[PDB]
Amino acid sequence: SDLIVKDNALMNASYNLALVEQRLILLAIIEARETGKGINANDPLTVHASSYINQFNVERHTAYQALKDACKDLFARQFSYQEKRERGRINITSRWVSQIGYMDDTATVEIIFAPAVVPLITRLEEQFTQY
């Protein structure tokens, strides 16, 4: 089925993300829930370096730069898969995120997930959660 194919393609592509990129995504999910924001293809999601520090106990002075650099690395990625259309099958290429942003003065970044990824965000949360 289509959703199984896309899920498979995204999960296989997920292995290429660096740990900081996985944590950027996890943090966006966590902060969205915490501040009462849904995840969709239009609205930016904020990530605070302070949350990165609080969630993962990472070196504090490099946390914001790590997130800033992870945004750029994630923004460069793409994945491909096929979907059904009325008139046949379509060959799709998608980004992970359509937009990124950073605010140096507040140590925050912003991302918008691409629409193909939005329905699989809970699968990514599962894929990326470490115990």
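All residue numbers refer to positions in the sequence shown, first residue = 1.
K.L.:
Per the PDB record, is the mean Cα temperature factor higher over 81-89 or over 99-107?
P.N.:
The recorded data point to 81-89.
K.L.:
Of the two stretches 111-119 and 9-17, which shows the higher Cα B-factor on average in the entry?
P.N.:
Between 111-119 and 9-17, it is 9-17.
K.L.:
Whose C-alpha has the highest temperature factor in the PDB entry: 41, 74, 63, 45?
P.N.:
Of the candidates given, the C-alpha B-factor peaks at 63.
K.L.:
By its CA B factor, does residue 29 count among the lowest, middle or highest third of the modelled residues in the chain?
P.N.:
Lowest third.
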